[PDB]
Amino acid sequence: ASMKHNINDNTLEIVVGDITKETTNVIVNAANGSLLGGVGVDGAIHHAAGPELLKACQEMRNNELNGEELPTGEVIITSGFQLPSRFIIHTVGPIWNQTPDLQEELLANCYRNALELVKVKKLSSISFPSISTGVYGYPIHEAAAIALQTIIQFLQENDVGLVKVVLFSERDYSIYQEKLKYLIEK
């Protein structure tokens, strides 16, 4: 299952798939602030990338983040190592309902900051997972709306290239498909 849409010279695609098997130059990891290994998409990414990824992320923690956590909504970039994709942009989504009045803004920041980095570094293509909707508990209907709104607005105003949202389930995909149809019509 897949749906594609042109936004100026950019393309947005939603697809069912495994983000560790993508053809985009960049994939996004829904990471934790400590840049340590976890479960879910982060776990799959570390497994597929191999053990150099954790080592590189810890070097980034200690050398660029002065030994501290990556803040919610912010991004760093590493190699993809054994992944097919060449780079991983790691971001930290909000933990649902910890900070309800800021969480929509912070989730949007994950998308905007990743896309800005792709734009400025001319990285051409990028896949996102469904950030915050696993261990971090964010309802998929609300998250999908924020993700798509943020991505679409960015692609209306900026030259980026190809953006995919890669969903691990038909259910998550079907929710994205409904929202995208609504935003494309509206």
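Residue numbers run from 1 along the displayed sequence.
*Would 18-26 or 160-168 have the larger average of its C-alpha temperature factors, as given in the entry?*
It is 160-168.
*Using the B-factors recorded in the PDB entry, average over the C-alpha atoms of 49-57 and of 150-158, then report which stretch comes out higher.*
Taking the mean B-factor of the alpha carbons in each, 150-158 is higher.
*Lowest, middle or highest third - CA B-factor, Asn63*: Top third by C-alpha B-factor.
*Among the chain's modelled residues, which third holds the C-alpha B-factor of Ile131?*
Lowest third.
*Comparing against every modelled residue in the chain, figure out the third that the C-alpha B-factor of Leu70 lands in (lowest, middle or highest).*
Its C-alpha B-factor, which the entry lists for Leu70, ranks in the lowest third among residues of this chain.
*Lowest, middle or highest third: where is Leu36 by C-alpha B factor in its chain?*
Tercile = lowest for this residue's CA B-factor.
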